[PDB]
Structure formats: structure tokens, C-alpha cells
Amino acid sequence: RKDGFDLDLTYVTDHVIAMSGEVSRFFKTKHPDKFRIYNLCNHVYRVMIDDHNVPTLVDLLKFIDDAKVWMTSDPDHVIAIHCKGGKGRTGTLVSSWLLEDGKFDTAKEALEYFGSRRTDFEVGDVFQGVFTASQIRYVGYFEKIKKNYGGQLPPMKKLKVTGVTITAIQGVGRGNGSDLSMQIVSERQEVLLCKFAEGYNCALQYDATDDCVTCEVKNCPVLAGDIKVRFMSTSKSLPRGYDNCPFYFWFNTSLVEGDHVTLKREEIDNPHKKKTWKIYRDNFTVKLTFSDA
């Protein structure tokens, strides 16, 4: 800002920018004809990602391909990734790029580096100060793709949710799952809704001894690719976090191992924030049971 530019702009590296008339002016003078801008919310590449959500794995690989050709074609080329505040969504793509460009071997290091450069958190509180749990997971997904699938999408696995289990239920909503409903979202569309107490597409069992609820999930259509699962509540005590609900997460069907996915507190979106840890206890987990489809 010694040059007089007042932009919320960070050189994550010398050639990788994260940011939130003055902007066009900055790139025209500092990087004339040598910039590519990525809009997350004609040297412009658009990818629309909802606040506090992830790009699909397809969105992410498309971006990587586009970024790579631009970056490799000229030493002085720069990429600039912009968002609302240029935080979690921006960090997801930048960290993925940093992994692609070889600067880091692991997602954890890439993510932590982005957080240290972009924010004044620095290392320690980066993971939940900057990213959602799904955002962390998706950069981890990209790491696995690069290491084990040659930078390409894994073989498609199609699944159906046959069950959901939630542990440490006491103190969450009404404490017996009766306030809860579950929505499954694929490609921006609701594909299943379960209302627990009522038995609407499901059957609820509450176990007071194990402090858990288990719900048989009925009528799930075939799920393929990136799946968002949202939980809603009619209770007064369960706060809504991001995404207008108590808790939610994204996963990719083709990266599920075995017949289930179990997510710990820190792996679920909203409970990942420390402010909620009086509600979501250390043993709070959500597990989805699948069948092959």
C-alpha cells in the first residue's frame, strides 16, 4: 500500500493473488496483459460457489487446468482469485493450486500457508478461523486425486444412504432427535428429505444408554458425485450457523471408503467452530451408512 493502492489484496506468492475501477487499474499497471482473474462470487474465469460451501471436484479440476495453462505459458503471468472477503472459498482454490504447483506436499500445509498469508490468525487458529470443515476436506480430496488418481477424477461410485447415526445427542436440539430433519442435496437440487420424529422417509430410534440416535433412511435415490447433507431443527436452543442450518457437510461418493462415512465434530460444518462446543461435545459425530447403487 506504499504505492497508494488501498485494495484488500494479498500476494500469497509473487504470482498468486487473493483479493476482495481501482482494481482494474491495479492489474493494468502492476501486471499489464499478464493477469487472469477468478470470480468465485475478458481475462475472467467464473465459478459460482455459495458462501461457506465448496466447489464440486469437477469445478476444482477445471480450475486447476485453466490456472495451469495460464501459469505455465509465461513466467510473469499471475492469477488473482477473488470472492466476497476472499477467505474460505478463495483459500480452497488457492491451496489446491499451491498443491498442484508443488510448493507443498500436503493439504494441511497449503491451507495453513494460505491462512497465514491472507489473515492475521497465523497457523494456530487458521483451520476454523478461515475454512469450513468441508473446505478442508475438499483440498484433502484434491491432494488424494493428485497423489493416487493421476490428477483425474476417481472412478465414479454410486451410492444410496440407508442410515444416519448421530452420537452425543443430549443437549443437541431436544436431545432425542425429535426436532431433527435431514436434507440431501445433489447438483443444487434437493433429492431427499427425512423428518425424524414423524418417520417421513425414515424410522427413528433413540438410545439413551449410548446417548445417540439412529435413523433408517428410506427412498434415497442413487447418489453420484458431490453430495451436500443438511440438518435442520425446530428446537429453540440449536443455533443456525452458516448455510441457514444447525449443521451440514459435503462429501464425494467416489471417495467414500467401504459402506459408511463417519465425520467427527471438527469434520462437520458449523460444529467445527469452537463457539458451539458447549452444544456439540467432543464425541459428537455423524455417520452415514450406504448401499451400493
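The numbering used is simple: start at 1 and walk along the sequence shown.
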{"property": "Continuity check for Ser20 and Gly21, given as deposited residues lacking coordinates between them", "result": "10 or more"}
{"property": "Deposited but uncoordinated residues in the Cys41/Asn42 interval", "result": "10 or more"}
{"property": "Higher-B stretch (mean Cα B-factor, as the entry records it), 107-115 or 125-133", "result": "125-133"}
{"property": "Given 252-260 and 54-62, the range whose Cα B-factors average higher in the PDB entry", "result": "252-260"}
{"property": "Highest-ranked of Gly91, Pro155, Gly151, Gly175 once sorted by CA temperature factor in the record", "result": "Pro155"}
{"property": "From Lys30, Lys228, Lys68, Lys236, residue of greatest CA B-factor", "result": "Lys30"}
{"property": "Ranked against its chain, the third holding the CA B-factor of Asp179", "result": "lowest"}
{"property": "B-factor third for the C-alpha atom of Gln189 within its chain", "result": "highest"}
{"property": "Among modelled residues of the same chain, the CA temperature factor third for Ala197", "result": "middle"}
{"property": "Position of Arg25 among the chain's modelled residues by C-alpha B-factor, lowest, middle or highest third", "result": "highest"}
{"property": "Third assignment of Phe247 from its chain's C-alpha B-factors", "result": "lowest"}
